[PDB]
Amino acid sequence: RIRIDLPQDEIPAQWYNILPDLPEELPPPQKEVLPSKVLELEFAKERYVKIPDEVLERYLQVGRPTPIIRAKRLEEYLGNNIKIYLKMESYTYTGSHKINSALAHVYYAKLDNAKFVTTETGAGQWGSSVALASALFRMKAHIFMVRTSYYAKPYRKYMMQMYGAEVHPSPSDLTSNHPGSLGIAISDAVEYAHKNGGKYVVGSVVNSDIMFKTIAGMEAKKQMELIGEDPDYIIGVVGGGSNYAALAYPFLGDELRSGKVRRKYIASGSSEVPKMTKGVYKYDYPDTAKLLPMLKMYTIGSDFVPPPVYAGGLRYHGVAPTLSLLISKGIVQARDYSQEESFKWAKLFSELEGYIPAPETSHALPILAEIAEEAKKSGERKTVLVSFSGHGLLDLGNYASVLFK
């Protein structure tokens, strides 16, 4: 009884849409390449949206529902002051939550009779997720991978290729050895989709994309209800915020409706990319390519470039608009930790629990230490539910660059 399995025939059948439940309307922003039904869901007004049959089928295909695991050996290390439950989005075939939305974007593109889909990727997480979704929907995928990552971090490129996708170093020939960047790769992929009748699958922080990922939180609420455990804290890490919102919003939405928020919601980023603790809540460009409307979000600037030493994976400059609203209203609390502190926790967690977290995920572990410290003072036990967003088996080089000389 470490693992809480949800049977596949009990998988939730709807996504959760937080918009009708937000304290106040979201600041408004300030269509040829996007799947049509995706743009439409960005304004959805109903609280629950049915997961299409074909999408749910492939959720089951890629390993959903994912388990919750109780991290009892970590609990002991922390003095048994808190109980720790991990929602294991790492258990999907691509090793993260990203496939939860990649599958939906590809489904809706297929419904627009897309000839192929395109997308950008840096280190390869989003690209490999889109490559898997495309294979399962029998769709041709053209992935534009920053040339530096295309050569430095080749394994996820090989993964995309095993799934049948064509991986193009950005900038490429279709379009001397310009190392590229993520913003060029977005333009590099958005153009190829525009001039060849493809659709662009957006790897950014829109509302529809959080909604698709909320299958994780819908499952977790069922699983926690299955063992009779109501979490006092829900925590996670913020690249753009989609993985954390996906877990928390199904729980938080019911609190917002009932009037009172009882649970504590805490999210972390990297202090080398400190949008969570040093970012400013204002309109900014959600992608470094500067196309896509501006939205009001916590941000350290779409032009921010992480230090070369940074290997923690939370490189994005901003926070999803709904999550930013929640933070500015005091509903979600913010933290930031260094990669040395986080990767030290990742190593400890690997030895204690046996499972190597993604470097991104490791930034949630210092939160647990803080909650345990407050519990020791209070001194009342608390239950924490963690978005365990990925595993680290394709990121061991990141860990090595910091931990192993």
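Start at 1 with the first residue shown and count on from there.
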**Q.** Absent coordinates between residue 175 and residue 176 - deposited residues affected, binned into four classes
**A.** 10 or more
(Q) Between residue 36 and residue 37, what class does the number of missing deposited residues fall in: none, 1 to 3, 4 to 9, or 10 or more? (A) none
Q. Quick one: higher average CA temperature factor, 275-283 or 247-255?
A. 275-283
Q.
Which is higher on mean Cα B factor in this entry, 155-163 or 206-214?
A. 206-214
**Q.** Selection from 45, 64, 363, 347 [criterion: highest C-alpha temperature factor in the record]
**A.** 45
Q | Of the residues 307, 171, 236, 127, the one carrying the largest Cα B-factor as recorded | A | 171
Q.
Considering every modelled residue of the chain and its Cα B-factor in the PDB entry, is residue 29 in the lowest, middle or highest third?
A. highest
**Q.** residue 397 by Cα B-factor - lowest, middle or highest third of the modelled chain
**A.** middle
Q | Entry-reported Cα temperature factor of residue 242, expressed as the chain third it lands in | A | middle
Q: Compare the C-alpha B factor of residue 224 with those of the other modelled residues in its chain, then answer lowest, middle or highest third.
A: middle
Q. By its CA B factor, does residue 357 count among the lowest, middle or highest third of the modelled residues in the chain?
A. lowest
